[PDB]
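Just one chain is shown here, as structure tokens, and it is the form deposited in one PDB entry.
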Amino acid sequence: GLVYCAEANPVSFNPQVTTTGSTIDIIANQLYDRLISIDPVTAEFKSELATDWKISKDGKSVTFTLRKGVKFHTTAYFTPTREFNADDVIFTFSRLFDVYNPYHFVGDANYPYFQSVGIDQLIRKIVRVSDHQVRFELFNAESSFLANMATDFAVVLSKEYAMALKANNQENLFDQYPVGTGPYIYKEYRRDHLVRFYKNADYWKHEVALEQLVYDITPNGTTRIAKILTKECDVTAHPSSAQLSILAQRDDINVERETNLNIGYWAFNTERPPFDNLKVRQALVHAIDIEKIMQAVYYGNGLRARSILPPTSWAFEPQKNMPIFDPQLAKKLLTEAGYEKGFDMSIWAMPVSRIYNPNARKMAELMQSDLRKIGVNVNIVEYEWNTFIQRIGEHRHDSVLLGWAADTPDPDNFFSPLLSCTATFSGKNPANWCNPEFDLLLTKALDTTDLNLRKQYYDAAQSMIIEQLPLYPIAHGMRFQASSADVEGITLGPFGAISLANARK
């Protein structure tokens, strides 16, 4: 068996109803399968529960052919009567949007990943063409649809089980006591103590290597590392750069580190004087001591940015024109541009800690001190999250420390959601920046099927970011993982929830 040191109780056992990272880490890859996934090496789509997928020419129809012979879990509480088929995909996904689907309103009617990404408003209908073929009809063509179907959240559930529960008026057990097609089956959950899954002996994809997975709920990070040392835990739910050093001198413990697909940045409201002036953005960026901020904000858990894309993005290209830290340069430029001398501006600090920026307030303070030297007086603006995001959406700010954790490993996901003209009108562009040349590079890249030629466009898009500074790429949050050297099949990736599907001793 394996012992994984979890950082929190799962808030649910159905990925559909939560974006809480530490929950997803426990349930998604272990209990479930998706229709399709993304090949890590080649970045192409790979068959999972779907063996085939075809996009209509008009792009508003996507037809999945479905694996035969796939069984749902036999759990203590549920025994399937039929194998996985199209009805299951139809039930599973129409739950997100169909006010007539019997599970749409259990319990919160909230499906946060799909809402944040628009799938719930995109899918018009799902048609059963045959027992093992299903067609999604979309209100419009949408390049990101397949990528969304390949995320940790797009798991397939049991319609048979859902209906049996509904017959008992026991719908609230569905997301709490799971039935999946994945490599492990739910055994037991004890709040604040542990969760236990056992081997799925009928698993379609491979011969599951472990009889038992035990998740030891251990909120305290220090204790999680301590349990690594004692061989009490075999794997630890992330830790931080500091907690890891203490492991360096142990033979029998592996420490892993991978820059996660995300970016923390300083974005300029490019429509609000004087930040609408390229020369003003150039000047200010030179004033920022980013070394100081790696040390006093990220504390060794971040990787300094060389582009808006982390080196783990397959489209990454190092930007040669990244501004150097030079206050004298900054002051000389600022005066060359007017001001003449100085001005007051506010830096909006995101209210919550995240991988891509663990303390924006603190970052705002350091910036406030750098900028003060140059005649620029920062007022640090902080609102509670939801109001903060709306107002940034409404372009109320001068500038904002914020960031992005990619929803997909598709490089487009760093460009189109953040900096495109239509992200302007969707209140998702922190820089209020509509640049039709930039946007065209994105359309062209999405219009070509040979990833090699896409790079040429993304290179251009990265080069254009540094040149026009709608936002200043600061840093990439890293993910770490510690484990007993006895365990393999567990390699940490730059993207997605933890997976123990191939965990082996």
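Heads up: residue numbers just count along the shown sequence, starting at 1.
Heads up, the form deposited in another entry isn't pictured, but that's what we're talking about next.
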Notebook entry, point to check: At the hinge between the two rigid parts, which of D216, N432, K46, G477 do we find when the chain moves between this form and the one not shown?
Noted result: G477
Notebook entry, point to check: Since the CA distance of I123 and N386 differs by 3 Å or more in the other form, is it closer or farther than in the form displayed?
Noted result: farther
Check: Given that the CA-CA distance for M363 and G221 shifts by 3 Å or more in the other form, does it become closer or farther?
Finding: closer
